[PDB]
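So the structure is just underneath, and the comments pick up after that.
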Amino acid sequence: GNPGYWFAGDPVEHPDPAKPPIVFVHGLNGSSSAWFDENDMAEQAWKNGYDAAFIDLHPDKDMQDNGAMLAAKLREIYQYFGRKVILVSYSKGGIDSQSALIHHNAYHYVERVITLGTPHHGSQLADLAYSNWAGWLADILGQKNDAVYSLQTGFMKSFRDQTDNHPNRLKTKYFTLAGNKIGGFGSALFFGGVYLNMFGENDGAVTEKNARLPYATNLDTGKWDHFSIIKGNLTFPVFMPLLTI
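What follows is the structure, encoded as structure tokens:
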């Protein structure tokens, strides 16, 4: 995509003050198109009466650069909607989200954060990419860069240390969703799944245990793989009750 660029979705037919706008945050090596290409998430939000905005952050930069950018654009989005937004963030987007709120003081603009298959404790596949490059691994992760590097478990352990004890952490409600379904036969997540099976239950890219935050409302592991977890028809109804206050 185009980093820094954000746009609002179609205006809701029947607006509701009880329904905060949702800012959708993509993952690693992605863009706002993740919510639209072969995905009905944008439609799920709009048809259920939710206003929304979609942002392109860096597909190739770490949570610090993405956190700073996201925090900057959240100020503009807050001004656009005239109220606090909910973040629905996928994969690395969940980490960029926390960085924005905690380390870049974006908490002022956000009601709550819902993370979908975010490797909050790092990716063993990212560890593998920086030890053994696999052809199939490029399909799950994208090509090696600062963003993939920032997903290593060692790097994430350090991020966790500096974030989980920060005073700003307590100012926002966190919710996590995680999958236990490995990629279907013929998908790159089949390989990632059987590899991650050495570590535990996983969605083909992130282990269920690494997709959680100690202080978050950790929603019961669903039968989703890393790609199916962002499919609107599958997970929007699941986190829809959380889209309140």
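Mapping the sequence shown onto PDB author numbering, position 123 (from 1) lands on 151, and the numbers just tick up by one.
All C-beta atoms in this analysis are idealised placements derived from N, C-alpha and C, irrespective of residue type, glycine included.
Within a Cβ cutoff of 6 Å, which residues of the same chain sit near residue i, ignoring the five residues on either side of it in sequence?
i      : result
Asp68  : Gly260 and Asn261
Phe52  : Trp63, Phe82 and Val116
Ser59  : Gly29 and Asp84
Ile130 : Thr191, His194, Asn196 and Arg197
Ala70  : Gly37, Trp63 and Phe64
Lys47  : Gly77 and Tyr78
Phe227 : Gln152 and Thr235
Measuring CB to CB, does residue i end up less than 8 Å from residue j?
i      : j      : result
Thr191 : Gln126 : yes
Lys112 : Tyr137 : yes
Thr200 : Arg140 : yes
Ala128 : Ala99  : yes
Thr146 : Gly163 : no
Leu270 : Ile50  : no
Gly32  : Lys101 : yes
When you compare each of the options to residue i by their alpha carbons, which one comes out closest?
i      : options                           : result
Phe264 : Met226, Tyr202, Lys75 and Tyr223  : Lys75
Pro43  : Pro31, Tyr78 and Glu71            : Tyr78
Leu205 : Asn133, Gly250, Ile114 and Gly121 : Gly250
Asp90  : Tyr177, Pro147 and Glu104         : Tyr177
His54  : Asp38, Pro269, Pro87 and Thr181   : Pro87
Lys120 : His131, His149, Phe267 and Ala162 : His149
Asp174 : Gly163, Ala154, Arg188 and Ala162 : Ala154
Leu247 : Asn208, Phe213, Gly212 and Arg197 : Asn208
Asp167 : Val266, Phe255 and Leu102         : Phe255
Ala134 : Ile105, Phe187 and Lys47          : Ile105
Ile273 : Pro39, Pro45 and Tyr33            : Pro45
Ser151 : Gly214, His194 and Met184         : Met184
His194 : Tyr118, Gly212, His132 and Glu71  : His132
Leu169 : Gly95, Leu56 and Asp189           : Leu56
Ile257 : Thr245, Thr143 and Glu71          : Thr143
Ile114 : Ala80, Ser186, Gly37 and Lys101   : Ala80
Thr181 : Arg103, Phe35 and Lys237          : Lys237
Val234 : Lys101, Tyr33 and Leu179          : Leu179
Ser61  : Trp161, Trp34 and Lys101          : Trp34
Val40  : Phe109, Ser215 and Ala96          : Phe109
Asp189 : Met268, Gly214 and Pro242         : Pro242
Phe187 : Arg103, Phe267 and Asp124         : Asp124
Just curious, the beta strand (DSSP E) that residue i is in, first and last residue?
i      : result
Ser186 : Taken as a continuous stretch (DSSP letters only), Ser186 belongs to no beta strand (DSSP E), being part of the alpha helix (DSSP H) at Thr181 to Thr191.
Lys201 : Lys201 to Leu205
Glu139 : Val138 to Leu144
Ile50  : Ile50 to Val53
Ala36  : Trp34 to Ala36
Leaving out five residues before and five after residue i in sequence, what residues of the same chain have Cβ atoms less than 7 Å from its Cβ?
i      : result
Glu66  : none
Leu165 : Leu153, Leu156 and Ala157
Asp93  : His86
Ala244 : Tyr202, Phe203 and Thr204
Leaving out five residues on either side along the sequence, give the residues of the same chain with a beta carbon under 8 Å from the beta carbon of residue i.
i      : result
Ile210 : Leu217, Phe218, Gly220, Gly221, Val222, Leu224, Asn225, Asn230, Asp231, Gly232 and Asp253
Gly212 : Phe218 and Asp253
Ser215 : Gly232, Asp253 and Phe255
Just curious, the alpha helix (DSSP H) that residue i is in, first and last residue?
i      : result
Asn225 : It is not in any alpha helix (DSSP H) - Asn225 carries neither H nor E in the DSSP assignment.
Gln171 : Here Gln171 belongs to no alpha helix (DSSP H), and DSSP marks it neither H nor E.
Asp155 : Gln152 to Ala157
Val266 : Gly260 to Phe267
- Task: Could I get the ranges of all uninterrupted alpha helix (DSSP H) runs contained in the segment 59–133, with 4 residues as the minimum, in chain order?
- Result: 69–75, 91–109 and 121–126
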